[PDB]
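Quick notes on the structure that follows.
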Amino acid sequence: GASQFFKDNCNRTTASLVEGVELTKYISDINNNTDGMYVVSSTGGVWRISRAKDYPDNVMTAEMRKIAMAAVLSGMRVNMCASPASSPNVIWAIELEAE
Amino acid sequence: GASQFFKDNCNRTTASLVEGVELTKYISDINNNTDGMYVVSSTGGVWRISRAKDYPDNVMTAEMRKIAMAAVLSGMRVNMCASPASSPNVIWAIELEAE
Amino acid sequence: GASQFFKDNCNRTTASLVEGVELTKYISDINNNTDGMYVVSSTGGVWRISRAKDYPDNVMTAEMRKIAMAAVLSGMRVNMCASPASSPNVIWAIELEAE
Amino acid sequence: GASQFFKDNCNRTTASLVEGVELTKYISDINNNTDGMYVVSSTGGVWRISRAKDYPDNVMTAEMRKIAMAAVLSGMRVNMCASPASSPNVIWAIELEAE
Amino acid sequence: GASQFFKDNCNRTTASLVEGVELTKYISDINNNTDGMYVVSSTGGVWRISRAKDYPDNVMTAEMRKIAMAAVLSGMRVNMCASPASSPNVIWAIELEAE
């Protein structure tokens with residue numbers, strides 16, 4: 001489940017905390033309208049991974065992409081801090097968990 | 001099979017949707033007349049991977065290459081949104097599926 | 001245990017050595033007040049990974065991220081040289097340990 | 001075996017087609033006149049991996065290094081389009097095969 | 001042990017050949033006087049991985065880090081061309097072996 005750190009850091013934002021998600025699809029799309037990176041959960045949820053060109057969020061967002069692909073390949077679950085009202089929703093924090 | 005999101009997104013374009021493709025070869029070529037990144041399926045179909053030097057699509061196309069190689073290395077299948085307006089067809093979106 | 005080298009180099013700083021830690025979560029966060037990369041141990045301790053924009057520390061901190069993610073995915077333990085001057089404590093050195 | 005596509009593209013070059021090669025060593029060297037990336041086959045052949053500073057071949061050559069490393073670590077075979085009469089030979093195209 | 005190519009290339013320098021090293025720790029350190037990337041063997045020896053800011057040695061030094069981490073993670077041995085001038089000795093060339 002979500003570490004207390006992660007939980008605490010999400011609640012103080014107007015985002016929703018999603019725990020123990022299994023990601024089953026990883027999407028790269030450069031079509032004009034959908035241009036971006038997406039993940040889909042086992043339950044059919046869809047999320048957009050945040051993007052950023054400038055330091056330092058270009059680092060965090062790169063790692064988000066690494067975490068998402070690692071979850072899909074290995075079946076490890078993730079916890080997410082994501083916007084609560086949109087389709088697809090956007091990821092603002094993600095936590096890869098071994099246990 | 002392809003997620004609904006992925007399906008929906010490809011259906012809005014001139015491109016066609018290819019599902020359940022097993023990629024078995026990954027190619028990098030720097031000969032000027034055939035320069036490019038390609039993948040080959042178990043049936044011998046060929047696709048070119050999109051490239052881009054500018055942000056943000058240089059990010060998405062880097063992720064397409066990562067997805068392509070992951071699929072070849074692990075046998076995991078992919079869903080593609082490919083444009084038939086070039087030989088080989090060009091990948092505009094790709095979906096890695098565990099499930 | 002930490003190598004002699006690591007041990008000795010951490011001793012000559014104002015930070016503390018943490019040995020044989022099992023990392024079980026890896027976090028990327030772009031929320032306003034939490035912006036960064038974090039790791040969580042099997043014992044619920046939390047650390048911030050250092051970051052740097054310019055050469056050569058950009059290389060070192062990139063490797064810290066690769067090491068931390070490798071530890072989470074493989075169960076390999078780490079040794080850390082962390083400064084407790086911040087909360088969460090910040091990693092100044094990290095040692096991946098296998099065989 | 002080399003895909004038909006890969007064969008045809010090397011067929012249209014001045015190179016040699018090298019099939020079913022097992023790569024067993026991966027080398028990085030920064031010494032003055034031997035500097036470069038090289039691979040060695042199970043039977044002792046040596047090839048230099050092409051390098052390039054400029055887009056788009058900087059992308060292709062990075063992918064060639066990734067394919068080389070993957071073949072070494074996983075024992076997967078590669079097909080090459082390479083110079084035939086030097087030592088080391090240079091690789092102009094490489095195909096990673098799961099098949 | 002080392003390929004003959006690797007041996008021949010090291011022997012043209014002031015550096016020394018070290019063979020069949022099993023690396024067991026991988027270190028990233030940004031502390032002021034110990035700022036760099038290091039590896040430690042099963043035998044307890046320590047080496048510094050070369051760093052480079054500009055093309056083309058930034059490519060080769062990036063590959064050295066990749067090789068070093070792979071060795072630690074997989075237990076695969078390396079051969080190194082290392083200069084005894086500095087302490088710890090500096091890796092100028094490295095060869096990952098599979099077979």
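Chain identifiers are assigned as A, B, and so on, following the order in which chains appear in the structure tokens; residues are numbered from 1 within each chain, and ligands are numbered from 1 in order of appearance.
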
Discussion item. As a list in words, please: the residues near residue 53 of chain B (cut-off 9 Å, only C-alpha atoms, same-chain neighbours under 3 positions excluded).
Written reply: residues 56, 57, 58 and 59 of chain B; 55 and 56 of chain D

Discussion item. Pairing the C-alpha atoms in order and superposing chain B on chain E, what is the resulting RMSD?
Written reply: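 RMSD over all C-alpha atoms: 0.3 Å.
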
With chain E as the partner and 9 Å as the cut-off, tabulate the residues of chain C that qualify, each row holding the nearest pair of atoms and their distance in Å to one decimal, using only C-alpha atoms, sorted by chain and rising number, as a tab-separated table.
residue	atom	partner	partner_atom	distance
C:2	CA	E:25	CA	8.7
C:3	CA	E:44	CA	7.3
C:4	CA	E:44	CA	8.1
C:5	CA	E:46	CA	7.7
C:6	CA	E:27	CA	8.0
C:9	CA	E:34	CA	6.9
C:10	CA	E:31	CA	8.5
C:13	CA	E:31	CA	7.8
C:50	CA	E:30	CA	8.7
C:55	CA	E:53	CA	7.0
C:56	CA	E:53	CA	7.5
C:57	CA	E:30	CA	6.6
C:59	CA	E:36	CA	8.8
C:60	CA	E:28	CA	5.7
C:61	CA	E:28	CA	7.5
C:63	CA	E:28	CA	6.4
C:64	CA	E:28	CA	6.0
C:67	CA	E:26	CA	8.1
C:70	CA	E:73	CA	8.5
C:74	CA	E:73	CA	8.7
C:76	CA	E:73	CA	8.7
C:81	CA	E:29	CA	8.6
C:91	CA	E:29	CA	8.9
C:92	CA	E:30	CA	5.7
C:93	CA	E:29	CA	4.1
C:94	CA	E:28	CA	5.4
C:95	CA	E:27	CA	4.4
C:96	CA	E:26	CA	5.0
C:97	CA	E:25	CA	4.6
C:98	CA	E:24	CA	5.3
C:99	CA	E:24	CA	5.3

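Interatomic distance, atom CA of residue 49 of chain A to atom CA of residue 77 of chain A: 16.1 Å.
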
Fill in: Separation of atom CA of residue 90 of chain E from atom CA of residue 54 of chain E in Å
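If I compute the distance from atom CA of residue 54 of chain E to atom CA of residue 90 of chain E, I get 18.3 Å.
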
Response to the item:
What separates atom CA of residue 48 of chain E and atom CA of residue 7 of chain C is a distance of 16.1 Å

Item to complete: DSSP on the backbone, then: every residue of segment 7-64 of chain B marked helix (DSSP H, G or I), written as a PyMOL selection string.
Response: chain B and resi 7-10+57-64

Discussion item. As a PyMOL selection string, please: every residue in chain B that DSSP puts in strand (DSSP E).
Written reply: chain B and resi 16-21+23-29+36-41+46-49+77-83+89-97
